[PDB]
Amino acid sequence: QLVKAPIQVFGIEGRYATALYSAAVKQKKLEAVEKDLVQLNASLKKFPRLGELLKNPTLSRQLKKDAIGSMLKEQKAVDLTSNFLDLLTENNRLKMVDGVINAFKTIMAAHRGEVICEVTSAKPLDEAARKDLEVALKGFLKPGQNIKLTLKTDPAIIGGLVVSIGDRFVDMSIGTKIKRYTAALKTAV
Amino acid sequence: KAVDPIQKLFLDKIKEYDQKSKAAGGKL
Amino acid sequence: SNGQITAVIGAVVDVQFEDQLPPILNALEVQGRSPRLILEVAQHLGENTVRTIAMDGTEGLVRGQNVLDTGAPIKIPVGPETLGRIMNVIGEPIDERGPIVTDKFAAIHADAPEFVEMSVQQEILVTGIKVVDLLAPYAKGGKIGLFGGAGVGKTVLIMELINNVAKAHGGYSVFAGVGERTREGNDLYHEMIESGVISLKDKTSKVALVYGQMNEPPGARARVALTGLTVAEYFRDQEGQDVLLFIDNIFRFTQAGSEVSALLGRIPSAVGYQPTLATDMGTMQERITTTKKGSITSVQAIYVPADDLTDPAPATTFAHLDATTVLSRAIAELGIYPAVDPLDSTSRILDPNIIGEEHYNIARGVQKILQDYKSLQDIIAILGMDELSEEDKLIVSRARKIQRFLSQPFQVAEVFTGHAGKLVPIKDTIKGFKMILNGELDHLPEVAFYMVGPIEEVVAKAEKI
Amino acid sequence: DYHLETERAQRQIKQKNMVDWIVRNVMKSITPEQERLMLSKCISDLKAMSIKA
Amino acid sequence: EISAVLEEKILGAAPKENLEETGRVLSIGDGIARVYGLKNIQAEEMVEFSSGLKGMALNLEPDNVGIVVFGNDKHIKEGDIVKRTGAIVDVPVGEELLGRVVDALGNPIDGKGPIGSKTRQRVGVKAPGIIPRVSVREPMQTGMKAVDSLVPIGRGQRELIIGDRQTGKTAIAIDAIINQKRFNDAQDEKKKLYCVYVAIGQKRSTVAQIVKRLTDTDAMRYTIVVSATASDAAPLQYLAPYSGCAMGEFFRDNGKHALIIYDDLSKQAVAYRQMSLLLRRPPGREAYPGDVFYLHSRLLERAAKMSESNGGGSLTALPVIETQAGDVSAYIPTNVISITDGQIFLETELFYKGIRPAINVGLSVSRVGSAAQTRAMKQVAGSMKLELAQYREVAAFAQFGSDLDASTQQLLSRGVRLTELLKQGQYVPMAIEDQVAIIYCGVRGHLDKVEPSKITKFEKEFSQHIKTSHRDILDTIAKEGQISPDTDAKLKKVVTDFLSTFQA
């Protein structure tokens, strides 16, 4: 018996992430195992020598679990994350330690109900733009939801607004709108 | 019932082209 | 329990269940479909996911669509209520005559009858076709295969067998249209209602029609032969009847299995076929047999691809048949109809102790002259007829007379040929070939032997010239 | 047929000429106050679609 | 004028912006795009790429969606936006497509403007079953003497045009399209026939020359040309027979009658083999996939004659198959022969000798047969079929027959006149009354004194004399529907008068 994940994550890396999520939610360590995994991933990014050492297939797994154990005692990881990384180094699966962490981040984002929003504008703006954009994006929210907003700048769309949601997308931008109008001109008669 | 400003701009460019073409005697 | 669609690739659908997996060969029903879409479980993939084969089109299926487990394999109506009706692979009536109201149902997947339940008796089934009745006679209760390419004539031959055998038959008939023309299904259906074999007025019908044609998806074409078997198995077992089963054509069952097997993730076998070609065919063909409870006389048209008899699907079908009738394109291009190859058709009852000494000796005498003709044909082709003066020319003259006399006009081919159909008793057949073998008709022209049934019509045609 | 083909040829070159003239005139006529007005309309249309549910 | 059309096209092309469920391209190559997302997408649903290309959702997988691109895969990059169209793959259908040349998606390519169709029809509709069909009993008039007499085609039939390259397969199909002008111009709507020409894998210049031929002969008014040429992608050539079939199934399901030509299905099988091999599917015979039979069977089975409870319409298919060195025993032609209701075989040897159309009489089959031809043609072509068979048997004795019997010489002389009778020039289809009269003269012995080198000139002049001086004979034949012995005696007299007036 495994607890159903909030969203389906695919691949072998998603299988490990759902196994870790199910084990952490059967116990009461969902927030703890997320905190040390994020701190572990931040440690691996801040020290690329550790990432090259774990992904090295020449080194024996005893040296990998010792290096994992030495760098996880400082994280104060207790039982789940230590066994999770011991399982990753028992198999030849710690080459994608970034993959399982990213998949586990995706599960926990949907656990809190956060929906990723991507809004693209030609020029950055705030005050009047950001206030109404937050309310407009909040109108798509069902109860029990959070907004993860990512703002992008791109002059190739002339102007307008290219706003995307977790699965939905619109192209209300000037560049695409004049493009289909000119296409209508060429296909008029 | 507000129209698209790009559509209004496109109609203005059509009218501007038509006025300049009739002022040029039908020439390009 | 209740499952959800995980993956749709062609006719193969992957369904994931939560509590309990359905067994293999179980029938699953998709919920949000206005017509019934049936999935048949083929294998367990792990992680509580089963891989199924759809019996209809898979367009419009989304991932996560709810799938219900029926808890049983595909059950189809069986009994007297199926007589005169047309049903599809899943037993739904497609004759627009209302539902098939019956209390009897049977799963299309059943075990073949055991070794104890086998009948060893062999009796000759007289057809009225001279080449069939002489060289490869059919057994009354037994498996008959009609091998042939495209256009050599197998539907015509199997329609002539229906016209001759099934009209005067004390029992029931089942026709399984497997991957053939829907036009031919419409022609056969109206032929039955016109000949009285299907009665739309009362309950005197004698044939049940099961049709999954070449417009159907590969899942339906690979299971509709099993539906025709299940109707015929009920008549043999639960009623003790002598049943006729016409399948046209059984190659489409194997061909549709290869199309599904590409999507089942199997390593392909020889000539791109499924690895389970012989085992799937063997499971299907061993259910079509005569037991001690009842007898099934099965005639199975068998398409050969690219006119190749060494193709794995016809080659494995050869060992499943008592009598084989191989139709040749070279014979059909000579105008000889039916284009049965005399030196490639076997019967397994061509025995002196079964069909008689004179029947056996005439059949072996005919085959000996035709085999000698084939050996001499290379000299005839390059050099010419100048060979051995009297002896070899007499062999050629007799063999060409025999080849013409093997041809026969069919009653079902009378529409597009003009020649009246002939039903020839087997005594007249062996008498006719004995006259040719004895040399009593060497003076007749060989045109007189062509497309005439009895030997008295040969001499009457010669006198007419 | 000559007058029809002459009319069609003149219609085709006039259609091509007016297409490139409109494209050049639309691209060269970009104003920031109208761009902010179109940005506000895009936000309002996005807010209207969120309400429409 | 032009400004008003330009203005109304801008106002009519409203964007109608709304949020659409979208996906992201993971990997594009070999004509297959793997797309991340599209949770609620349907199987075989049409999608839109950001570049404007359409695609069909072929594989639904847990992590990705495999999409068959209807175009060149150089317009699609990894990370593009793929939008759901919300509908399974369909094309425009209707009478607005008559006179228009379109691609496999139904988009116009002849530059005559948009298509004002109000209806769309799926390209993957299953064929009609046993009950809605009925027997084929209405003639299909190709205008060819050798076809309409010896291989008669009916309405609702699938007749294969098979041969080698440059043997006249397109010539037969185009003349059949041109011939229907005499029925479409008439007021009898039951004999009206619409045409759909599907060009698969051909040259685009060849399609343009075909459209020019249809336009000059005014056969374009009732013809739809679906073009997926050799420069188009393999999915476009794969889709085009089903797109044209859907356009022809509009007429079939609405009480009208349509003729469709797939020129050619051998190139569609090559395009489908390319798609199958690029999808890593197991190759079979001649590297073809196992479902290459189901590729043509699900297509051709939609050509059917409907019952009176379904409107009485029909769809007639003329698939084209190109053989290699006259090999009809190959894999793909044997598949189509097992699907269709008979084949018309074209010989390279007859084509080299000047016999055009180079139809093999002994190897051409019409499974429908005489059930779908007129009484006058059936009564005369039955005798010609017997006489051509008699000439075929005694043709081996003409090689060395320095001295031959009078009966055998008569059979040889009659067969030569009948062989010269079936010859017919390109782009000149004949009315059924003209075909019946010419075949009747050659089969009764009227041409035994006419030299075989002057039969075609006799065909023009004697028919002209009948159409001018003896129109009462044609009126009697049209009223009776056959040939009476009294009309036989009158035709004997006017033939004797005509040959005596030409020479004496």
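We just call them A, B, C, D and E in the order they show up, numbering each chain from 1.
Operating definition for what follows: a contact is a pair of C-beta atoms (placed from the backbone, for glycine too) under 8 Å apart; a residue touches a chain by one contact, two chains touch by 3 or more.
Here A-D and D-E are compared, and the pair linked by more C-beta contacts is A-D. Subunit B and subunit C have Cα centroids separated by 74 Å.
Note: centroid distance subunit A to subunit E, computed from Cα atoms, is 56 Å. Distance from the subunit B centre to the subunit E centre is 49 Å, each centre being the mean of its Cα atoms. Inter-chain centre distance (subunit C to subunit D, centres taken as mean C-alpha positions): 67 Å.
Chain contacts: subunit A has residues 170, 172, 174, 177-178, 181, 185, 188-189 touching two or more partner chains. For subunit D, residues that reach two or more other chains under the stated contact definition are 11, 14-15, 18, 22, 26, 38, 45, 49.
Across the assembly, subunit E contributes 2, 6, 10, 15, 17-19, 39, 62 as residues in contact with two or more other chains. Two chains count as a pair here when they touch; such pairs are A-B, A-D, A-E, B-D, B-E, C-E, D-E. Across the complex, subunit D meets subunit A through its residues 11, 15, 19, 22-23, 26, 30, 35, 38-40, 42-47, 49-51, 53.
Of all residues in subunit E, only 2, 5-6, 9-10, 13, 15, 17-22, 37, 39, 62-63, 81, 83, 113-114 touch subunit A in the complex they form.
Listed in rising order, the residues of subunit D touching subunit B in the complex are 13-14, 17-18, 21-22, 25-26, 29, 34, 37-38, 41. Contacts from subunit D toward subunit E in the complex involve residues 11, 14-15, 18, 45, 49.
Listed in rising order, the residues of subunit E touching subunit B in the complex are 3, 6-7, 10-11, 14-15.
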